[PDB]
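Listed here are the chains, written in short residue letters.
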There are 6 protein chains.
Amino acid sequence: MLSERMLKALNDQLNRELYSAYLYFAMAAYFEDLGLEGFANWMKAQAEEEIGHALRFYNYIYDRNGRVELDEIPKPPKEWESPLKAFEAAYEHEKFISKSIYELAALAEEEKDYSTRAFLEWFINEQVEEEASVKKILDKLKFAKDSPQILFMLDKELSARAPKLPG
Amino acid sequence: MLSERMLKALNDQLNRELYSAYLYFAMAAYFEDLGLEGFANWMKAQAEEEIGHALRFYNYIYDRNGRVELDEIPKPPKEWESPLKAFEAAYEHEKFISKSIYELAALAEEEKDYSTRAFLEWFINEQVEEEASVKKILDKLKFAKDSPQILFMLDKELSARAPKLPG
Amino acid sequence: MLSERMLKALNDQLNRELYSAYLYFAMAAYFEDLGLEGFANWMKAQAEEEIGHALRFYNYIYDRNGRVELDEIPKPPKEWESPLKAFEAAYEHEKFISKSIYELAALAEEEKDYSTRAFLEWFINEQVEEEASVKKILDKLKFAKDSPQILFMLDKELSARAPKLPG
Amino acid sequence: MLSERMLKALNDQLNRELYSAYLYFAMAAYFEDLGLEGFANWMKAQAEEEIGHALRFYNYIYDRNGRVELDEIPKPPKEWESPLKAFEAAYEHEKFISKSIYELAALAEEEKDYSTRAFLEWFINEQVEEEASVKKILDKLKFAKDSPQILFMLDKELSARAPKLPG
Amino acid sequence: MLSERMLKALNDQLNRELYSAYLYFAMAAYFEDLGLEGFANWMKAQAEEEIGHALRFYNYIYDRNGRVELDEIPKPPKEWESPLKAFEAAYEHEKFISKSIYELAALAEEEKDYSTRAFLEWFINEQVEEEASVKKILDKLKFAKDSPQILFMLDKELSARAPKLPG
Amino acid sequence: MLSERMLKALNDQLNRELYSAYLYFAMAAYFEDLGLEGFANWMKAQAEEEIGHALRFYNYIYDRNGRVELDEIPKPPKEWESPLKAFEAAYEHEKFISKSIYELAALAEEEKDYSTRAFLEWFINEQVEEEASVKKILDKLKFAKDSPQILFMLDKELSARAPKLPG
Ligand SMILES: [Fe+3]
Ligand SMILES: [Fe+3]
Ligand SMILES: [Fe+3]
Ligand SMILES: [Fe+3]
Ligand SMILES: [Fe+3]
Ligand SMILES: [Fe+3]
Ligand SMILES: [Zn+2]
Ligand SMILES: [Zn+2]
Ligand SMILES: [Zn+2]
Ligand SMILES: [Zn+2]
Ligand SMILES: [Zn+2]
Ligand SMILES: [Zn+2]
Ligand SMILES: [Zn+2]
Ligand SMILES: [Zn+2]
Ligand SMILES: [Zn+2]
Ligand SMILES: [Zn+2]
Ligand SMILES: [Zn+2]
Ligand SMILES: [Zn+2]
């Protein structure tokens with residue numbers, strides 16, 4: 001009841017979700033280097049979120065009697081020219097995630113796989129939130145061009161989102 | 001501060017920690033496919049603990065004015081002949097991770113880098129617990145040779161260890 | 001990420017929701033004039049619900065990086081031959097809102113805009129409830145054809161539903 | 001609002017759902033005879049759930065202004081070869097139900113009936129869970145093969161899911 | 001310990017009880033269609049109660065080390081000429097179950113099966129209540145011949161009895 | 001108790017207040033697009049306040065045995081040159097609502113309509129407040145001519161005022 005193609009598509013997205021976690025952990029390291037602790041914790045918190053998304057693929061796969069197969073998680077970028085560029089890369093990446101979700105949806109429909117299509121709805125909706133939440137901070141960063149002081153207030157704002165795990 | 005050498009080593013161990021998380025996750029998938037849910041959650045909680053180890057390194061690197069750099073995380077193995085052998089693999093893996101920390105401690109000593117050596121004390125003590133805790137379940141698995149009854153009983157026992165993340 | 005046609009379809013529906021609100025408000029004034037406070041309050045409530053529905057479109061548009069544009073809200077009918085007929089109007093209107101949601105859904109499907117189709121799923125479900133609730137009352141007003149004592153009893157039953165805004 | 005065909009199909013499913021209630025009640029009786037109270041209760045609980053599923057259909061039909069019509073509910077099988085074969089037949093049954101939901105979902109997509117399709121989503125997702133929890137127990141049963149000890153421990157484990165009605 | 005004939009006659013009644021539920025379920029549909037939610041909900045609660053009667057037999061059968069066997073459940077009528085007539089049908093049905101119970105108690109007496117006669121005492125008392133409670137609504141319904149207003153008010157009263165299951 | 005003149009004047013102001021709501025809603029959209037979420041929520045809060053003003057007129061018309069008649073609501077402006085320009089437009093709207101109210105005061109005194117004039121005393125006092133609260137912010141925006149720093153700190157202050165209804 002998972003086709004061979006579907007299963008592979010699902011394990012691929014699971015791998016994509018794990019890669020996103022690593023990308024954000026990477027940006028976390030990057031902002032930590034800048035001394036933007038607030039940004040760093042925001043990004044660690046976003047990594048954990050992505051781990052969560054992978055678990056959803058992981059559970060659905062097992063629920064349909066599939067087998068999960070873990071793949072390498074690529075080396076994420078080390079650096080960005082700026083917090084702005086880093087968020088632009090996050091936004092570009094979220095768009096990439098979405099695109100792959102639509103393709104999975106398109107695949108489920110093409111296979112008349114109602115179950116998988118339906119499981120994907122959650123992701124279609126989540127990605128809307130994901131894209132908006134990155135874009136919002138991205139635009140705020142545009143708005144703070146030659147302004148250290150704003151970057152600092154944004155940092156302080158963003159420190160409100162802390163990773164759950166270190167506890 | 002940190003020599004260039006010391007920092008490559010810390011970074012490299014950091015990625016070993018991340019690799020273990022991933023290894024344990026793979027073991028989790030393996031047990032899950034076997035319908036051993038208790039084993040699977042124990043492995044996921046282990047996975048999480050490894051992320052915590054990574055983060056200790058991450059934090060120490062930054063305290064010392066260093067820069068985390070994150071490498072690819074190689075595809076773990078997908079499969080094992082048996083619950084027992086999975087745990088034999090885990091026990092070997094912790095043994096290896098303990099050899100890594102010895103190596104790193106020795107490097108610290110050679111460099112007269114007291115701080116890193118001090119930092120590593122925590123891991124020398126942690127690894128004693130890690131190895132011991134893996135050994136306990138391994139022996140129980142040896143004890144359960146050809147007795148599904150006991151395997152079932154062990155699955156339940158280990159279901160008392162849960163990943164904090166899902167909620 | 002919203003097509004120019006879609007943003008238009010969405011802004012239009014938003015507007016349609018505000019006009020629903022205004023119509024129900026007109027119906028409140030009608031009942032208020034008949035001294036049927038229970039009906040009048042019920043409509044003030046529905047009016048608020050509809051504003052809510054509009055706000056949902058507004059939020060979604062901004063989330064997908066869109067721009068809401070507000071249009072004129074047309075003058076609603078002042079008067080109805082009777083309670084029953086007013087509810088006959090309200091029902092038909094709900095059916096018109098329903099068909100315009102279905103056309104948006106179909107548009108989203110034509111365009112392969114999965115986000116927008118997933119968002120419309122909420123309104124598809126909502127309208128099922130909306131029609132069923134106007135129909136239930138419509139039907140009791142049929143059953144009270146020339147029997148004021150029942151009209152009086154319904155009015156009291158519907159005062160159960162309060163508009164939230166006055167306090 | 002409901003095509004004559006859609007209604008026939010919805011009522012058809014409603015009846016499938018009661019038959020499921022009844023089939024699980026047959027199995028409950030079967031397990032009670034074997035002296036397996038845990039299994040038996042699990043099934044009574046499942047029977048209740050299926051009645052819940054029929055009510056989901058009843059309510060949707062009335063929201064949509066159609067008319068429920070009840071049919072005869074066939075005699076279920078009295079007996080199975082073993083706990084395992086009984087759970088295999090439940091698994092096959094759940095598969096047959098899932099296929100009924102899909103065919104219905106298809107019918108709705110063909111009729112451009114967006115309200116009925118949206119209604120059915122709940123069941124699409126529900127069936128995933130349904131098939132999954134039968135499977136999980138069906139494997140627990142395969143893994144018992146020649147072991148009263150384990151079937152006993154399973155019976156106890158399942159006794160934790162109790163039917164509500166008795167209260 | 002139960003005679004073949006007794007065992008059939010108990011299982012026979014089990015099936016008669018389940019049919020009751022099924023019949024009350026039809027009436028609930030019937031009322032529901034008419035717009036009378038109170039009467040509908042009353043009938044579902046009644047249906048729910050009849051399932052409890054089936055169960056009492058079921059448990060008694062296994063208590064006596066017998067084996068329940070479930071038979072087809074006939075299609076109930078779809079419609080009645082009026083709520084009163086539906087109530088007349090329910091009254092006539094409860095009168096039917098009672099006789100069934102008297103006949104059952106008689107056979108137990110003839111066969112000198114004290115235990116089953118003892119078990120049936122509960123039903124003899126229950127039917128008095130069953131029959132009385134239906135008659136009472138039946139009469140209130142006679143009292144309301146050509147009066148909608150009372151059908152309304154009655155409906156409201158009945159609504160106070162709610163089926164447990166949906167919760 | 002109301003002159004055909006008064007009834008018209010009041011219905012007119014009713015309609016003016018409703019257009020006010022819409023004007024501020026439009027402005028909320030303008031700010032939302034700027035990514036100024038505080039400003040946008042403040043404008044929604046102001047929007048709901050205007051609907052309140054609307055209701056006040058409504059209730060009063062009905063207390064004097066009048067009949068409310070709703071008019072079309074004109075399309076408001078889509079945009080402004082700047083946050084400052086938008087508040088200059090807002091202020092200048094409040095002055096126009098003020099003048100409108102003063103004219104009703106005069107109209108009601110012109111025909112010795114004591115009740116309506118005393119009713120209006122609430123609005124004369126409310127408008128003093130409305131204008132001061134818009135002026136306060138308008139000035140604050142002047143004082144921050146070219147200063148994203150300050151425009152950002154302001155946005156944060158105004159976020160403390162939230163629309164009530166979402167809920
Ligand atoms: Fe998210
Ligand atoms: Fe440990
Ligand atoms: Fe609603
Ligand atoms: Fe379920
Ligand atoms: Fe009773
Ligand atoms: Fe004010
Ligand atoms: Zn994700
Ligand atoms: Zn994401
Ligand atoms: Zn470790
Ligand atoms: Zn370890
Ligand atoms: Zn609406
Ligand atoms: Zn509506
Ligand atoms: Zn079902
Ligand atoms: Zn089911
Ligand atoms: Zn009974
Ligand atoms: Zn009865
Ligand atoms: Zn005002
Ligand atoms: Zn104002």
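Residues numbered from 1 in each chain as written, not as in the entry; some residues may be left out. Chains lettered and ligands numbered in written order. Part of a larger assembly, values for the part shown. Heavy atoms only, no water.

As summarised from the PDB record, the model derives from X-ray crystallography at a stated resolution of 2.80 Å.

Going by the annotation in the PDB entry, the name recorded for chain A is FERRITIN HOMOLOG, with Pyrococcus furiosus given as the source organism. The title assigned to this entry in its PDB record is "Crystal Structure of the Zn-soaked Ferritin from the Hyperthermophilic Archaeal Anaerobe Pyrococcus furiosus".

Caption draft 1: Representation of the overall build of chain A within the structure. A tally of helices and strands in chain A yields five helices and zero strands. When its helices and strands are written in sequence order, chain A yields α-α-α-α-α. When the backbone C-alpha atoms are referred to their principal axes, chain A occupies close to 55 × 30 × 25 Å. Evaluated residue by residue, chain A yields a buried proportion of 59% over its 167 residues. If you sum the accessible surface of chain A, you get close to 7,100 Å²; carbon and sulfur atoms cover 53% of it. With 22 positive and 32 negative side-chain charges, chain A shows a separation of 2 Å between the mean positions of the two kinds. (Helix = DSSP H or I, 4+ residues; strand = E, 2+ residues; numbered from the N terminus. Buried < 20%, exposed > 50% of the residue type's maximum accessible area, 1.4 Å probe, protein only. Areas by Shrake-Rupley, 256 points an atom, 1.4 Å probe, with all protein chains shown as cover. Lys, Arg positive; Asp, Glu negative; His and termini not counted. Charge placed at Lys NZ, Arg CZ, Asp CG, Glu CD.)

Caption draft 2: Examining the relation of the copies chain F and chain C more closely. Once turned by 180° and shifted 0.0 Å along the axis, chain F lies on chain C with an RMSD of 0.2 Å. The superposition of one copy onto the other is thereby described by a two-fold rotation axis. Identified as the residue of chain F closest to the rotation axis by C-alpha distance is F:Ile73, at 2.5 Å. A symmetric contact is evident, with 91% of the interface residues of chain F recurring at the interface of chain C. (Least-squares fit on C-alpha atoms. Contact = heavy atoms within 4.5 Å.)

Caption draft 3: Up close: the packing of aromatic side chains. All told, the structure shown has 82 aromatic pairs over all chains when counted by the stated rule. When the ring of A:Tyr102 is compared with that of C:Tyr114, the centres are 5.5 Å apart and the planes differ by 10°; the resulting orientation is stacked. Residue A:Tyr102 is found in helix α3 (residues 83-110), and its partner C:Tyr114 is found in helix α4 (residues 114-142); the two belong to separate chains. By relative accessible area, which is 12% here, C:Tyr114 ends up buried. Each residue in the set A:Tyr30, A:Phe31, A:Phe39, A:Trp42, A:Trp80 and A:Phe87 is aromatic and connected to the rest through ring pairs, giving one cluster. One residue, A:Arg56, lies across the ring of A:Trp122, its end atom 3.6 Å from the ring centre. The ring of B:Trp42 carries the charged tip of B:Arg161 above its face, separated from the ring centre by 4.6 Å. (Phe/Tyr/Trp six-rings, centres within 6.5 Å; stacked < 30°, edge-to-face > 60°. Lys NZ or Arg CZ within 6 Å of the ring centre and 35° of its normal.)

Caption draft 4: Molecular detail of the packing of helix α2 (residues 37-63) of chain E against helix α3 (residues 83-110) of chain E. All names here are of chain E. Relative to each other, α2 and α3 sit at 10°, their axes nearing to 14 Å. Accordingly, the angle class assigned to the pair α2 and α3 is roughly parallel. Contacts from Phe39, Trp42, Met43, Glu50 and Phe57 of α2 reach α3 at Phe87, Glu94, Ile101 and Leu104. A per-class count over the contact of α2 with α3 returns seven nonpolar, no polar and two charged. (Axes fitted to C-alpha atoms, helices over the stretch in contact; angles between N-to-C directions. Parallel < 35°, antiparallel > 145°, perpendicular 65-115°, else oblique. Nonpolar A, V, L, I, M, F, W, Y, C, P; charged D, E, K, R; others polar.)

Caption draft 5: The arrangement of the interface of chain F and chain C in detail. In this assembly, 33 residues from chain F lie in contact with 32 residues from chain C. At the boundary of chain F with chain C, total buried surface from both sides reaches about 3,000 Å², with 64% on carbon and sulfur atoms. There are eight salt bridges connecting chain F and chain C. Note that F:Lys78 is salt-bridged to C:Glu69, the shortest N-O span being 2.8 Å. (Buried area = accessible area lost by both parts, 1.4 Å probe. Salt bridge = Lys/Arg side-chain N within 4 Å of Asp/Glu carboxyl O.)

Caption draft 6: Representation of the coordination of the zinc ion (ligand 15) within the structure. Residues and elements named next belong to chain E. Coordination of the zinc ion (ligand 15) by the protein is provided by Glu17 (OE), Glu50 (OE) and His53 (ND1), with metal-donor distances spanning 2.1 to 2.2 Å. Along the chain, the residues that donate to the zinc ion (ligand 15) are spaced as E-x32-E-x2-H. Separating the zinc ion (ligand 15) from the zinc ion (ligand 16) is a gap of 2.8 Å, which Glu50 spans by donating to each of them. With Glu17 in helix α1 (residues 4-34) and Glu50 in helix α2, the pair connects residues that are 33 residues apart, well separated along the chain. Of the residues examined, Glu17 reaches a relative accessible area of 0% and is grouped as buried. (Donors = N, O, S within 2.8 Å, 3.2 Å for Na, K, Ca; no water.)

Caption draft 7: Seen up close, the relation of the copies chain D and chain C. When chain D is fitted onto chain C, the two copies agree to an RMSD of 0.2 Å after a turn of 120° and an axial shift of 0.0 Å. The superposition operator between the copies reduces to a three-fold rotation axis. Looking at chain D, a mere 10% of its interface residues are interface residues in chain C too, so the copies touch through different faces.

Caption draft 8: Geometry of the packing of helix α2 (residues 37-63) of chain B against helix α5 (residues 148-158) of chain B. All names here are of chain B. Between α2 and α5, whose axes approach to 7 Å, the crossing angle comes to 40°. By the angle between their axes, α2 is oblique relative to α5. By crossing handedness, the relation of α2 to α5 is classed as left-handed. Mapping the contact onto sequence places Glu37, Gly38, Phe39 and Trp42 in α2 and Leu151, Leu154, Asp155 and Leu158 in α5. Considered class by class, the residues forming the contact of α2 with α5 number five nonpolar, one polar and two charged. (Left-handed = near helix turned anticlockwise from the far one by under 90°.)

Caption draft 9: Region of the structure containing the UniProt feature "binding site: Zn(2+) 1" (unreviewed entry) in chain A. All names here are of chain A. If you check UniProt for "binding site: Zn(2+) 1" (unreviewed entry), the listed places come out as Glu17, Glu50 and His53 in our numbering. Of the residues just listed, which span 37 residues, no C-alpha pair is farther apart than 6.2 Å, and they cluster in one region. Of the residues examined, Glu50 reaches a relative accessible area of 0% and is grouped as buried. Within the secondary structure, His53 sits in helix α2 (residues 37-63). In this structure, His53 is in contact with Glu17, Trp122, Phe123, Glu126 and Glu130, ignoring residues within four places of it in sequence. (UniProt positions renumbered as here; feature names shortened; annotations may be inferred.)

Caption draft 10: Examining the pattern of salt bridges more closely. Under the counting rule described, the total for this entry stands at 78 salt bridges over all chains. Residue B:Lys44 is joined to B:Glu32 by a salt bridge in which the shortest nitrogen-to-oxygen separation is 2.7 Å. One end of the pair, B:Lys44, is in helix α2; the other, B:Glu32, is in helix α1 (residues 4-33), with twelve residues separating them in the sequence. For B:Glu32, a relative accessible area of 15% corresponds to the buried category. Note that B:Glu37 and D:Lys136 form a salt bridge whose closest N and O atoms lie 3.1 Å from each other. Residue B:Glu37 is located in helix α2, and its partner D:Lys136 is located in helix α4 (residues 114-142); the two belong to separate chains. Take B:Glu37: its relative accessible area is 36%, and that puts it in the partly exposed class.

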